[PDB]
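In what follows, a structure is listed as structure tokens, so that the remarks can point back to it.
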Amino acid sequence: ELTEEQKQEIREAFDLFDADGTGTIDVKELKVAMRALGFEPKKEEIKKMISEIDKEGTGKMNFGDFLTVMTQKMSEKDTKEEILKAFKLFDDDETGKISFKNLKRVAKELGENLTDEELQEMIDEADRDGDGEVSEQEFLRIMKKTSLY
Amino acid sequence: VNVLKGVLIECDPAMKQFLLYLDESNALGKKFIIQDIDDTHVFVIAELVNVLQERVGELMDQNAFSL
Amino acid sequence: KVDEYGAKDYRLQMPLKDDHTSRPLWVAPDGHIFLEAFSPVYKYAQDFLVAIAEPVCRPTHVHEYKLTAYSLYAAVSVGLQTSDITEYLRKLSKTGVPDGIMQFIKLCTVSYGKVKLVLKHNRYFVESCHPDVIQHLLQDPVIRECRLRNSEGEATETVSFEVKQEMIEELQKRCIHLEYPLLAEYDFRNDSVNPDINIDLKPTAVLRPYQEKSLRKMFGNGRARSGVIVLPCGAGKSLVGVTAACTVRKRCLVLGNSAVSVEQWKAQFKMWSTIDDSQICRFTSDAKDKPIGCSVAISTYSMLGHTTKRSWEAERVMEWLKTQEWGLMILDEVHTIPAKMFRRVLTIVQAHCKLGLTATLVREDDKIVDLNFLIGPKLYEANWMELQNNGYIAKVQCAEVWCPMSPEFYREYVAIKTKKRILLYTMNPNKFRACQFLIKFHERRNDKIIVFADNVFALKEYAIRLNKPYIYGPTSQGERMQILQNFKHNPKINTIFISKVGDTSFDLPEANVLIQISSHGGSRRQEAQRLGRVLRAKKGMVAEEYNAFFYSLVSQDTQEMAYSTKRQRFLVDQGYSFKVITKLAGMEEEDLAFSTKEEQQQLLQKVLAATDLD
Amino acid sequence: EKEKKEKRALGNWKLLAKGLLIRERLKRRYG
Ligand SMILES: [Ca+2]
Ligand SMILES: [Ca+2]
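Residue numbers (the deposited numbering), protein chains in the order written: chain J, 24 to 172; chain G, 2 to 68; chain A, 52 to 208, 267 to 723; chain H, 836 to 866.
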């Protein structure tokens with residue numbers, strides 16, 4: 024179970040660039056097709072996904088691969104939305120970062136007995152830019168490499 | 002007025018939660034559990050209550066042993 | 052022939068005679084035997100059936116026994132021929148004995164006692180009085196490989270021949286295929302290689318009539334015969350083993366599950382046997398004794414089965430054991446023997462007479478057919494209800510308490526389909542309240558309470574919230590012993606929480622109330638043995654038929670119901686009753702935890718926090 | 836050594852996340 028009605032939207036998006044009925048669409052038009060269904064990928068992500076879709080250098084993708092890519096993008100988008108909601112749960116003061124105070128408050132509210140030294144160790148371990156805390160992007164990355172979600 | 006015609010089902014809260022899980026997870030398929038009325042009473046369309054009873058019987062059959 | 056109702060139409064094959072009331076036995080042609088307990092000849096019929104037939108079920112009125120080839124071999128080894136057994140069966144069977152069973156008895160009995168295996172000079176010889184059978188069995192390819200051959204590959208030449274030690278257990282199974290089972294006969298009095306040992310029986314040791322009967326049946330014609338004896342826990346099984354070891358007078362080897370079993374066996378030997386302490390040695394990983402002059406050695410299966418490299422001293426002890434010839438070997442808890450590693454210990458150890466003792470033999474993996482040749486046929490099995498009547502054991506009051514599942518848990522219970530579902534029903538707040546009320550009632554009644562829970566997390570949570578000692582995996586032995594002593598001696602603490610380690614890893618103090626909350630998943634024999642070991646006879650309540658209390662907390666409408674139903678089948682086959690209790694009287698008046706539903710919500714939050722890792 | 840330390844932290848993070856979600860889930864049921 025992935026969807027019932029959104030599959031028709033993906034079919035329409037694929038058929039927008041396949042008016043000739045050749046069964047395949049150009050990979051270079053991948054950015055617009057994602058924007059047709061609401062996705063807003065970045066240049067690095069677009070290049071990475073074009074490299075994976077077009078490993079053989081054909082330049083065209085069939086309906087099955089396009090549908091799978093769209094489903095994966097939807098899954099990643101909802102996962103990112105849930106991670107952002109979790110970040111907002113951590114960031115109750117809307118500071119944009121999960122500071123030491125926010126993590127400590129969340130740990131105390133949840134009843135966890137995690138030491139403050141362990142809290143700052145985890146913050147530093149998930150700190151990439153060295154700002155002293157974890158940002159939205161750092162939290163997203165740490166969730167990506169988490170055990171599971 | 003907009004009122005529905007069906008069959009009222011009275012069971013223990015455990016069976017109520019089981020029916021709610023079936024309706025939400027769509028294990029029964031189409032959502033025939035249109036509306037709940039009370040903590041122990043539900044309103045089910047009679048077209049699917051027969052199959053629903055089979056599903057309930059399957060649940061209690063699994064919670065037992067075959068001699 | 053089968054009727055439309057499923058009943059087997061055995062009327063034609065069973066000619067009924069007019070001696071209905073006098074004869075108590077029904078002998079169906081399928082091999083099953085039915086006995087009526089109210090018959091005046093019940094005792095004689097019971098004795099006859101026990102000797103020749105393996106019991107299946109022993110409820111109050113009608114007992115069902117089964118006839119097996121191993122049972123027939125055991126009966127032949129006792130000294131009973133086909134003619135007397137047939138005469139006694141016909142004198143007791145209500146109907147005529149079908150010829151199918153008759154031919155079944157004739158074929159088995161004639162083939163018994165033909166092939167003999169002798170362990171002499173650390174060498175195994177197969178010999179028989181019929182060389183034609185020996186010659187015929189040589190053609191078997193498996194027997195060819197099992198037979199020991201010369202260093203050049205040439206086969207070795267009542268003629269006997271050496272057999273490879275590593276292929277002994279393989280040969281045992283092949284005898285079943287060839288329908289020529291081996292004979293476990295030992296020269297009890299003719300032994301000369303192994304000298305006797307200055308060990309006797311203390312006058313303080315008394316053999317109960319069933320124990321004496323079992324020992325005499327084992328000592329067929331005065332010679333010790335390898336086999337298995339099943340006795341209930343607390344019935345002096347260790348005393349019976351000590352008595353058998355004293356009777357044998359030869360080198361004795363005893364194997365237990367853990368060091369606690371070794372210590373208990375050593376204490377029993379010192380308590381009942383006259384062997385000097387210098388001749389008693391413990392081959393344990395912590396307390397080690399010199400194997401020199403070790404008349405009786407007590408160890409564990411895993412110590413002898415340690416495939417990994419062992420310590421240098423342990424290697425020397427193993428070498429001495431292999432070199433030493435053991436007239437008698439004793440094995441405890443036979444139900445774990447079917448494991449391959451523990452079976453390899455039998456090949457490793459060279460022993461003449463092997464006796465196995467345990468409480469149950471119904472392995473959930475049903476690996477008992479091979480066990481019938483690993484040691485031998487079941488020599489004796491005492492009736493639990495009969496011993497309860499005799500007062501030897503407590504008449505346990507068993508009950509299954511159904512704890513309703515909370516709707517919040519129940520929906521999550523149905524939602525979860527993986528193995529994480531165990532935590533949901535094992536942590537029922539209603540079950541927690543029921544257990545708390547039972548503990549309060551039994552403390553007000555001044556009863557010893559043992560709460561068994563396989564799940565570590567659930568047991569720890571229950572013990573912490575109820576503020577009682579908890580026993581689990583690590584359970585440092587000093588602290589474990591301190592907790593046991595506090596339970597035995599301190600009247601303030603009479604409730605001990607024990608994890609799965611309470612089955613055989615240590616000794617269970619005598620108690621009266623045993624509450625089982627968590628299940629292994631269908632261990633029909635393990636928990637039965639645990640229950641038998643936990644509860645013992647208590648003086649003062651002998652007249653009452655309910656002197657020991659066992660309660661099984663089972664979550665309603667869950668898979669725990671099926672596990673409990675499957676598990677209690679073994680106890681029901683023993684005639685043990687089980688009353689279902691849905692409502693507990695007194696819970697309304699007594700104040701218990703999680704009285705408010707929000708507390709149950711907090712417990713649900715805590716349980717959900719415990720993910721599938723726990 | 837350091838790797839395994841991070842692993843522990845990772846699990847903690849996961850646990851923490853689940854905790855919030857779990858509580859939030861019950862809020863969706865009772866809040
Ligand atoms: Ca903040
Ligand atoms: Ca950051």
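The beta-carbon is built from N, C-alpha and C at its ideal position, and this holds for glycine as well.
Start and end of the beta strand (DSSP E) containing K549 (chain A)?
The residue you call residue 549 (chain A) lines up with position 440 of the third sequence. Premise fails: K549 (chain A) lies in the alpha helix (DSSP H), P538 to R553, not in any beta strand (DSSP E).
Within the 8 Å Cβ cut-off, does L851 (chain H) reach chain A?
If you number the fourth sequence from 1, residue 851 (chain H) lands on position 16. With 8 Å as the cut-off, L851 (chain H) does not count as an interface residue toward chain A.
Boundaries (first-last residue) of the beta strand (DSSP E) holding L86 (chain A):
Translated into the one-based positions of the third sequence, residue 86 (chain A) becomes position 35. Here the beta strand (DSSP E) through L86 (chain A) covers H83 to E87.
List in chain order the residues whose CB is within less than 7 Å of at least one heavy atom of ligand 2.
That query returns the following residues: J:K120, J:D150, J:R151, J:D152, J:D154, J:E156, J:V157, J:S158 and J:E161.
Under a CB-based cut-off of 8 Å, is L855 (chain H) close to chain J?
In the fourth sequence, the residue the question calls residue 855 (chain H) occupies position 20. At least one chain J Cβ lies under 8 Å of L855 (chain H).
Among A:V78, A:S179, A:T72 and A:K463, whose alpha-carbon lies nearest the alpha-carbon of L63 (chain A)?
Here residue 63 (chain A) refers to the residue found at position 12 of the third sequence. Per the Cα distances, A:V78.
Can we count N125 (chain J) as close to ligand 1, meaning its CB is less than 7 Å from some heavy atom?
Start at 1 with the first residue of the first sequence, and residue 125 (chain J) comes out as number 102. Yes; taking the cut-off as 7 Å, the Cβ of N125 (chain J) has a heavy atom of ligand 1 nearer than that.
In terms of residue numbering, what span does the beta strand (DSSP E) encompassing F176 (chain A) cover?
Taking the first residue of the third sequence as position 1, residue 176 (chain A) is located at position 125. Here the beta strand (DSSP E) through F176 (chain A) covers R174 to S179.
Check whether chain J comes within 8 Å of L845 (chain H), counting only Cβ atoms and requiring the distance to be less than that.
As a first step, residue 845 (chain H) must be located in the fourth sequence, where it is residue number 10. Cβ-Cβ to chain J under 8 Å: yes for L845 (chain H).
Tell me the rounded alpha-carbon separation between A719 (chain A) and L845 (chain H).
Looking up residue 719 (chain A) in the third sequence gives position 610. Looking up residue 845 (chain H) in the fourth sequence gives position 10. Those two C-alpha atoms are separated by around 16 Å.
In the DSSP assignment, find the beta strand (DSSP E) that holds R391 (chain A) and state where it starts and stops.
The count along the third sequence starts at 1 and reaches residue 391 (chain A) at position 282. Unbroken beta strand (DSSP E) run through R391 (chain A): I389 to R391.
Nearest chain J C-beta to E836 (chain H) closer than 8 Å, yes or no?
Here residue 836 (chain H) corresponds to residue number 1 of the fourth sequence, with the count starting at 1. Not one chain J Cβ lies under 8 Å of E836 (chain H).
Show which residues of chain H have a CB atom less than 7 Å away from the CB atom of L717 (chain A).
Locating residue 717 (chain A) in the third sequence gives position 608, where the first residue counts as 1. What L717 (chain A) touches in chain H: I857.
Spell out a yes or no on whether the segment 283 to 297 of chain A and the segment 87 to 97 of chain A are touching, meaning 3 or more CB-CB pairs, one atom from each, closer than 8 Å.
no
Is the beta carbon of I624 (chain A) closer than 8 Å to that of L662 (chain A)?
What you label residue 662 (chain A) is simply residue 553 of the third sequence in a count that begins at 1. What you label residue 624 (chain A) is simply residue 515 of the third sequence in a count that begins at 1. Contact: yes.
Whole angstroms is fine: what's the gap from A646 (chain A)'s alpha carbon to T469 (chain A)'s?
Taking the third sequence and counting its residues from 1, one reaches residue 646 (chain A) at position 537. Taking the third sequence and counting its residues from 1, one reaches residue 469 (chain A) at position 360. Taking the straight line from one Cα to the other gives about 19 Å.
For ligand 1, is there any heavy atom lying closer than 7 Å to the beta carbon of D88 (chain J)?
One-based indexing of the first sequence puts residue 88 (chain J) at position 65. It does not: the Cβ of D88 (chain J) is nowhere closer than 7 Å to a heavy atom of ligand 1.
Enclosing alpha helix (DSSP H) for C462 (chain A) [first to last residue]
Position 353 of the third sequence holds residue 462 (chain A). Not the alpha helix (DSSP H): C462 (chain A) falls in the beta strand (DSSP E), residues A460 to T467.
What does the alpha-carbon distance come out to for the pair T467 (chain A) and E442 (chain A)?
Residue numbering aside, residue 467 (chain A) sits at position 358 when the third sequence is read from its first letter. Residue numbering aside, residue 442 (chain A) sits at position 333 when the third sequence is read from its first letter. Each residue's Cα considered, the two are about 4 Å apart.
Please report the distance separating the alpha-carbon of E669 (chain A) from that of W511 (chain A).
Translated into the one-based positions of the third sequence, residue 669 (chain A) becomes position 560. Translated into the one-based positions of the third sequence, residue 511 (chain A) becomes position 402. About 10 Å.
Below 7 Å, is the gap between the Cβ of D116 (chain J) and the nearest heavy atom of ligand 1?
Sequence index remark: in the first sequence, residue 116 (chain J) carries index 93 (1-based). Indeed, a heavy atom of ligand 1 lies less than 7 Å from the Cβ.
Where do the ends of the alpha helix (DSSP H) carrying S411 (chain A) lie?
Working through the third sequence from its first residue, we reach residue 411 (chain A) at position 302. It spans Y410 to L413 - the alpha helix (DSSP H) in which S411 (chain A) sits, taken as one unbroken run.
Can you tell me whether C403 (chain A) is buried or exposed, with buried defined as 16 or more other CB within 10 angstroms of its CB?
Stepping through the third sequence from its first residue, residue 403 (chain A) is reached at position 294. With 16 or more Cβ atoms within 10 Å of its Cβ, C403 (chain A) is classed as buried.
Would you report the Cα separation of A354 (chain A) and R360 (chain A), rounded to the nearest angstrom?
Working through the third sequence from its first residue, we reach residue 354 (chain A) at position 245. Working through the third sequence from its first residue, we reach residue 360 (chain A) at position 251. About 9 Å.
Residues of chain H with CB closer than 9 Å to the CB of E135 (chain J), please, in chain order.
Your numbering for residue 135 (chain J) matches position 112 in the first sequence. Going along chain H in sequence order, the residues near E135 (chain J) (Cβ under 9 Å) are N847, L850, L851 and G854.
Quick check: the segment 533 to 548 of chain A against the segment 507 to 524 of chain A, are at least 3 beta-carbon pairs closer than 8 Å?
The segment 507 to 524 of chain A vs the segment 533 to 548 of chain A: in contact.
For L280 (chain A) and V193 (chain A), what's the separation of their Cα atoms in angstroms?
In the third sequence, the residue the question calls residue 280 (chain A) occupies position 171. In the third sequence, the residue the question calls residue 193 (chain A) occupies position 142. Their backbone Cα atoms lie some 8 Å apart in a straight line.
Using 8 Å as the limit for Cβ to Cβ distance, is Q683 (chain A) near chain G?
Sequence index remark: in the third sequence, residue 683 (chain A) carries index 574 (1-based). Chain G, which has no Cβ nearer than 8 Å to the Cβ of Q683 (chain A), makes this no.
Identify the residues that DSSP records as bridge partners of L662 (chain A): which are they?
If you number the third sequence from 1, residue 662 (chain A) lands on position 553. A:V510, per the DSSP bridge assignment.
Please indicate yes or no: does the CB of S122 (chain J) lie closer than 7 Å to some heavy atom of ligand 1?
Numbered from 1 along the first sequence, position 99 holds the residue referred to as residue 122 (chain J). Under cutoff, so the answer is yes.
Going by Cα to Cα distance, which pick from A:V565, A:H461 and A:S608 is closest to residue 24 (chain A)?
An answer regarding residue 24 (chain A) cannot be provided, because it is not within the stretch 52 to 723 covered by chain A.
Less than 8 Å between CB atoms is the rule here; does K59 (chain A) satisfy it with respect to chain G?
Taking the third sequence and counting its residues from 1, the one referred to as residue 59 (chain A) is at position 8. Not closer than 8 Å to any Cβ of chain G, the Cβ of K59 (chain A) fails to qualify, so no.
Quick one: grab the DSSP three-state call for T146 (chain A).
Here the question's residue 146 (chain A) lines up with position 95 in the third sequence. In the structure shown, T146 (chain A) sits in a strand (DSSP, three-state: E or B).
On the criterion of 16 or more Cβ atoms from any shown chain inside 10 Å, does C180 (chain A) qualify as buried, or is it exposed?
By one-based count along the third sequence, residue 180 (chain A) stands at place 129. Exposed: under 16 other Cβ atoms inside 10 Å.
Taking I690 (chain A) and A508 (chain A) to be in contact with their CB atoms under 8 Å, please state how far apart those CB atoms are, rounded to whole angstroms.
As a working mapping, residue 690 (chain A) is identified with position 581 in the third sequence. As a working mapping, residue 508 (chain A) is identified with position 399 in the third sequence. Confirmed, about 5 Å.
Once DSSP output is grouped into helix, strand and coil, what is the label at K68 (chain A)?
Counted from its first residue, the third sequence places residue 68 (chain A) at position 17. It is coil, neither helix nor strand.
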